[PDB]
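Single-structure report; data block below.
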Amino acid sequence: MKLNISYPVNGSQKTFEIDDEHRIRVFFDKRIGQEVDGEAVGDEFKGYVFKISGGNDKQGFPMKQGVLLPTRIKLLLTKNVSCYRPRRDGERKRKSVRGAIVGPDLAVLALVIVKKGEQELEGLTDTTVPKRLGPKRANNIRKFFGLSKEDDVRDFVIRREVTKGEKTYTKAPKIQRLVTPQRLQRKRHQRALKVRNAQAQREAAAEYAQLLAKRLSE
Amino acid sequence: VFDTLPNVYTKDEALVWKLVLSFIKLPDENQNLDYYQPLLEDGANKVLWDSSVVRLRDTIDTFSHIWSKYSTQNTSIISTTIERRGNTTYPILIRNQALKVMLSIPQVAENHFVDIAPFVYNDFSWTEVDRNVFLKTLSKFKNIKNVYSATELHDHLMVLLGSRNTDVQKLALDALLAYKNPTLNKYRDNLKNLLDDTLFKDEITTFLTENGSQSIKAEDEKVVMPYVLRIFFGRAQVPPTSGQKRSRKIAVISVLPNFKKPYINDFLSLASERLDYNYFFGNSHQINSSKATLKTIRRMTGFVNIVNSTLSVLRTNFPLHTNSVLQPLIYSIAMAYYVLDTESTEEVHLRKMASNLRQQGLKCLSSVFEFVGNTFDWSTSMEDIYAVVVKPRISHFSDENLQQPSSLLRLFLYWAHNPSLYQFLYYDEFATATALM
Amino acid sequence: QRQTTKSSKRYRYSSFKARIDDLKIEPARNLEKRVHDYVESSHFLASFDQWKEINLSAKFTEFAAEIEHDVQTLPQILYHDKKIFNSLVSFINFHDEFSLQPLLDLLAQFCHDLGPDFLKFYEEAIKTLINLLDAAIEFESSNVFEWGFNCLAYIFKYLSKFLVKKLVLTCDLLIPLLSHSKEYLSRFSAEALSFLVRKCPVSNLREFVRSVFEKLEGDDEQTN
Amino acid sequence: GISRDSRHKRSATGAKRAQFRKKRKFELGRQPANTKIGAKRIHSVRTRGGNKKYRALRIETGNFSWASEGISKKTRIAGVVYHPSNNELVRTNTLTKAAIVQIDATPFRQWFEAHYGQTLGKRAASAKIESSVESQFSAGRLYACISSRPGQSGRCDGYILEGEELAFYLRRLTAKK
Amino acid sequence: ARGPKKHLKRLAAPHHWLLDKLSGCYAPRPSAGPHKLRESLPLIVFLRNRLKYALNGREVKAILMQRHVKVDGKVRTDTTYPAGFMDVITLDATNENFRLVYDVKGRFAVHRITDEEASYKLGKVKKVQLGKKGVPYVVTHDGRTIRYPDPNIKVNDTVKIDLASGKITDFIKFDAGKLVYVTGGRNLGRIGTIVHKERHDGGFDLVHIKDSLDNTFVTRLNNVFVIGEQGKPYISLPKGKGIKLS
RNA sequence: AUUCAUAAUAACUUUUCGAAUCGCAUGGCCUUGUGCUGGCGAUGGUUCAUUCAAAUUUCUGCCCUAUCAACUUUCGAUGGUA
RNA sequence: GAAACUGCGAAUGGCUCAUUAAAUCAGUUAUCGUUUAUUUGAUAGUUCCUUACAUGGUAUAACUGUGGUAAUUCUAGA
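Structure, rendered in structure tokens:
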């Protein structure tokens, strides 16, 4: 089969073809989310620790956590689940999906590396892929940069240098949830408007009781 | 670094502890860069003209800035020297960094803890998140009973359980349950569920009411009530803004009337101990420090409100104690008089809260007389209660109190209707009787 | 970053300040089939008939009643100038947004017909214009500003020579508008006076520049 | 599967109506929620409109009121005693409306002792109450009628059986024992 | 049909719109609002079909979105807004106010209206209740809720309403001898004085009315609408003044 | 015509709501703080009223068949109570 | 301003006449027997009540990247 392995800390990943039924039998009868040993798999994975994270069988039906059957089943899938994306509101399709217990009939098994062993994997552990996007909320910029509450964010935003032709150029995200004179004005206005509302209501009610009392005194 | 260090403190578990403590102490510690400041020089002028076009303004600004620096060369030498010297201030979060490390390696603290208990017994100032992470560490401790000062830790830990933040309460229960004993083992889940907001009232009526299944036993009740009492104190300190929270506070007080006489008295003792009255009663009636703060005033206000609800729920069966209820009430009303006399009318917020305090305390006295009255003595405290009655009141009692039955006037009328209490009418030159007249 | 890659659609929003910053003043820079320049039985009357057909508003309807009774011919204008002028100024001071385009347009044309005799109204014509412009600030209407400053530009264009001969007084009259504490008042009023100064010849220009610099020392504190 | 139209019924004359249209959602029903005694569990069914409706599957406590002097206290429900529709419901301990349950007394008697200066069992004109209620207090449990719809509001509220009520239900219980 | 309808055919329209039977297949279904479906005039049927200020639906939408039309002082941008009866629609760029009132033939007649008369609006007090917190309110015939009314304002009355403030300037009681406008059934558009109110308990109260030429008719209370006292209407009546002739 | 509208008391609730949102503007004040105030309108939100609807329902009215005269009721047919 | 999330619409329209003989439907009533998105009009200071409001928190999509299946508007792991 094929072993799609990924090192989340570097966030790197590769695929390795596997042939020996010895290590394949190392894999059988384990479930998604169990633990294995890179030693028992092979020599290059000496000291490595994997957790069974997913896969697809020879016909493409992916593994679904939760179904405890090393075969294929028909599940009425609901809105917020995996291996299904609803096309419409409140729509439930009954889909075919492959069980969780690992067997022979699996074509791709997907693993993440939990404990790095003692030897260097070529593409996985050597290299790494940087984050695509940095923080966008005010407090997430603050947490990423460990900033003290005194210091302002708009000097610490992460800009990105893109270039076209000869003109280089920089981009920066809008810091959602930033505290702004506009927002202060809006809050101030809300309060003032509630005050004005209540005063108008009290004036009208006093006036009505005045009219009613005048009537009863006529 | 957080993923590395928990594998090498083992190689060195002394210097790492020293660094941790250095950071813990570090931000509170003063940092000074009092560098050398020379004598000021007033060398500056409008070197160039002022224009409106922006880039001309800019270059003119750069030139003027350089010129100013050179004219005031000396101090600018100092300043450039500083800026190239660079900083030495540790960022303020450094305490939280160290605390998170401490969390990462708890057993080292459990080992030493000698330089940590000073913080706890000073009650930290620190930030709430740091206090929380430190309490998380205390939960992570393994051999907690054998720490440096187990019992003083335990007392401060009960206080944190009495705190009002339910998350702080959860952490304090985690530590107090890290302390191991079979009774609290038996009631672990019950207390945790009592803290949980949804199951709160169901739990109260589940195992707190008497003569039921899953009720607390006798030895168990003796050993566990203080915990229950602190928890209920926090639940009570919940402030009543919405209907649900009003019902929460009312439920706490309405399960109170079934515990036991010493337990209720101890609950009220909690209230007073958060408050304070040995000022007067080490003096006679004189305030040592003019501590007229909103802090102490709202403290008193919460105390009197908790007492008013207590009366309205136990109105005949509840105990009274001079050192836990009677005296602090008197301190409260006396302080209200004092602040109202002492400070002018510019302090609207203080003044209004003081007046509200006076109202509530007087209603409470009237109530407690109505509700226990003849059932115990007063001679020990008749003089003092008469005093705090009569400093401001007998002077203008007739002028002020004539529209509706006031609480104070109701107090006087209870005094009159009850014979054995004639002692106040007696106690002055019938100032009360003359006021009524 | 002003709107520079236009949206495909047809109706954009264009808030008030955007409209004003996009606004400019020069009509000769501008151009179109001007009615008064087109038909020639009298300029005032030409604009007057076009507007009576186009505008349906209370104030201009009243004004049209009175004046259409009075004017129909150039000698009648010349005879009844004062009554017409007082009527125009009365309504302009009424300050009604729906009627101002016709009223100001007729004012410019009224000067065009009455040129070298218009100077005896000139001063308080200008007073009324500046009052209108400040009130327009109060009730923001970029259209009102366009109309008002174009009325000024047209008045200068029609009375080029005499105003040039007595230039400095114009600057004194406009200095409220010129130093006014609003970017666009400064901007537009200066553009109108710009046309006039560019028209002016050398000698009066020297006198003017001297007088204006001494005014600058007068308002040394002011930057506007 | 539970629908409540009147077109599957025999007519008044005893005729039989052939089907008129497919079943409709605006006449549906739903499975009864047999509320039983135990730790609380309450599902929330979503109803026409956006509205909600709290089916109680298991409920333990309740809100019960003493009508005579007019107070209300939260108590615990012990077990169903009698139910005017199904002795099967009595057997199975199913709370519904109009049930007769035995409830814990302690909050009520504590309020009584604290309000009227007198204990129970073993202003006195006002303190005088009914013999049957006094007897139940001595025992520790009261007879109270559940008077809400735990399948519609997720609650057991009730009133304590006073004079004529209690007379009738004691006769019924005693005669059925 | 499994929900509200969003379409209106052309034959199925209210008849008083005078919509030709060939120009299309659909009629403007009036959006929900103050007046009922069948006794409302949408703004497109008023701006295009009656005023002829437009020629299209897209022209009508251009006018509205350019923000010229105000229906009771407030600017309405919905092109099928159900303008109803006794309504005031102002076109300022034309300097016109329109009271929508019925013509003798049944149809809505444009009624040109001056400013001081466009300042207000009559409304048939139709439900007087006691709102939350104990403040009583009146409900008029076009949705409007008005709180703190005069205590002497009873169901079936008229209240003259200042539009600028949503308030009640004054009112008129439903008694015999008042002037009456009629809004339903065979006689709608007919103004007369109210002679008798034959009142049935559990059924429909009928009203006997008498127009100026002393011709008598009988309508329902649902369809009477009190305008003003004898000889003085509070509003300005359309021409012909609601007299049906030969 | 009402146990109506509405109000009040005591409690209860895995408990709701009581604006952490967005556009154009940039005015008023001064203890000169990057302080305090403030304009036009977008969206949303509880509770009633209205509107567009909806669900059930009262009265009367259907073609041929008596060589179909008894029908419906366990298996709800008619009514009572919960 | 593509993508995607969020909101809304998709319950209308259009088509056919199989069923259905007090059913449908027609005229006539009732809701003091009920739900109602929307529209429209009104409508929500609770000052205090003991130990951040210059504005909390964690996720996820599109995207980057590794893949599976003969195949679909299939989709897994990071």
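As you go down the protein sequences, you meet chains A, B, C, D and E in turn. Position 146 of the first sequence, counted from 1, bears residue number 146 in the deposited numbering, the numbering being contiguous throughout. FYI, the numbering for the second sequence is 681 to 804, 822 to 1134, going by the deposited numbering. Position 74 of the third sequence, counted from 1, bears residue number 77 in the deposited numbering, the numbering being contiguous throughout. FYI, the numbering for the fourth sequence is 2 to 123, 146 to 200, going by the deposited numbering. Position 175 of the fifth sequence, counted from 1, bears residue number 176 in the deposited numbering, the numbering being contiguous throughout. Built from N, CA and C at the ideal position, the CB exists for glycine as well.
Taking Cβ positions only, does residue i come closer than 8 Å to chain D?
{"i": "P786(B)", "result": "no"}
Label residue i either buried or exposed according to how many other C-beta atoms from any shown protein chain fall within 10 Å of its C-beta, with 16 as the threshold for buried.
{"i": "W18(E)", "result": "buried"}
{"i": "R775(B)", "result": "buried"}
{"i": "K122(E)", "result": "buried"}
{"i": "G85(E)", "result": "buried"}
{"i": "residue 250(E)", "result": "This structure leaves residue 250(E) out entirely; chain E is present only between 2 and 247."}
{"i": "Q112(C)", "result": "buried"}
Between residue i and residue j, is the Cβ-Cβ spacing less than 8 Å?
{"i": "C114(C)", "j": "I158(C)", "result": "yes"}
{"i": "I1030(B)", "j": "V1085(B)", "result": "yes"}
{"i": "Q119(A)", "j": "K46(A)", "result": "yes"}
{"i": "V74(C)", "j": "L110(C)", "result": "no"}
{"i": "residue 133(D)", "j": "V81(D)", "result": "Regarding the residue in question, residue 133(D) is not represented: chain D runs 123 and then 146, omitting everything in between."}
{"i": "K185(C)", "j": "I140(C)", "result": "yes"}
{"i": "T1129(B)", "j": "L1122(B)", "result": "yes"}
{"i": "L728(B)", "j": "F743(B)", "result": "yes"}
{"i": "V156(E)", "j": "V126(E)", "result": "yes"}
In chain order, what residues of the same chain lie with their CB nearer than 7 Å to the CB of residue i, ignoring the 5 residues before and after it?
{"i": "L1023(B)", "result": "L1017 and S1078"}
{"i": "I1027(B)", "result": "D1081, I1082 and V1085"}
{"i": "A948(B)", "result": "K898 and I901"}
{"i": "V700(B)", "result": "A778, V781 and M782"}
With a CB to CB cut of under 6 Å and the five nearest residues on each side skipped, what residues in its chain are close to residue i?
{"i": "residue 807(B)", "result": "One cannot assign coordinates to residue 807(B), given that chain B in this structure leaps from 804 to 822."}
{"i": "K64(A)", "result": "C83 and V97"}
{"i": "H116(D)", "result": "none"}
{"i": "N35(D)", "result": "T95"}
{"i": "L706(B)", "result": "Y770 and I774"}
{"i": "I1091(B)", "result": "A1128 and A1132"}
Kindly say whether residue i, judged by its beta-carbon, lies nearer than 8 Å to any beta-carbon of chain E.
{"i": "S60(C)", "result": "yes"}
{"i": "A204(A)", "result": "yes"}
{"i": "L212(A)", "result": "yes"}
{"i": "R215(A)", "result": "yes"}
Is residue i close to chain A, meaning its C-beta is less than 8 Å from at least one C-beta of that chain?
{"i": "residue 817(B)", "result": "One cannot assign coordinates to residue 817(B), given that chain B in this structure leaps from 804 to 822."}
{"i": "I772(B)", "result": "yes"}
Establish whether the CB of residue i and some CB of chain C are separated by less than 8 Å.
{"i": "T146(E)", "result": "no"}
{"i": "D171(E)", "result": "no"}
{"i": "residue 1(E)", "result": "Outside the shown range of chain E (2 to 247) lies residue 1(E), about which nothing can therefore be said."}
Is there a Cβ of chain B sitting closer than 8 Å to that of residue i, yes or no?
{"i": "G163(D)", "result": "yes"}
(Q) If contact is defined by three or more beta carbon pairs under 8 Å, each pair taking one atom from either stretch, is the segment 132-149 of chain A in contact with the segment 101-111 of chain A? (A) no
Q. Hey, is the segment 882-894 of chain B in contact with the segment 959-968 of chain B, meaning 3+ C-beta pairs nearer than 8 Å?
A. no
Q: Pair every Cβ in the segment 98-109 of chain E with every Cβ in the segment 234-247 of chain E, then say whether three or more of these pairs are closer than 8 Å.
A: yes
Q) Any chance the segment 166-179 of chain D sits against the segment 99-106 of chain D, with 3 or more Cβ pairs inside 8 Å? A) A contact exists between the segment 166-179 of chain D and the segment 99-106 of chain D.
Q: Specify whether the segment 181-192 of chain A and the segment 155-168 of chain A touch according to this definition: at least 3 beta carbon pairs, one from each stretch, less than 8 Å apart.
A: no
Q. Below 8 Å, can you find three or more Cβ-Cβ pairs linking the segment 30-48 of chain E to the segment 76-85 of chain E?
A. yes
Q.
I'd like to know if the segment 995-1010 of chain B and the segment 1040-1047 of chain B are in contact, where contact means that at least 3 CB-CB pairs between them fall below 8 Å.
A. no
Q) Can you find at least 3 beta carbon pairs, one from the segment 20-38 of chain A and one from the segment 141-148 of chain A, that sit closer than 8 Å? A) no
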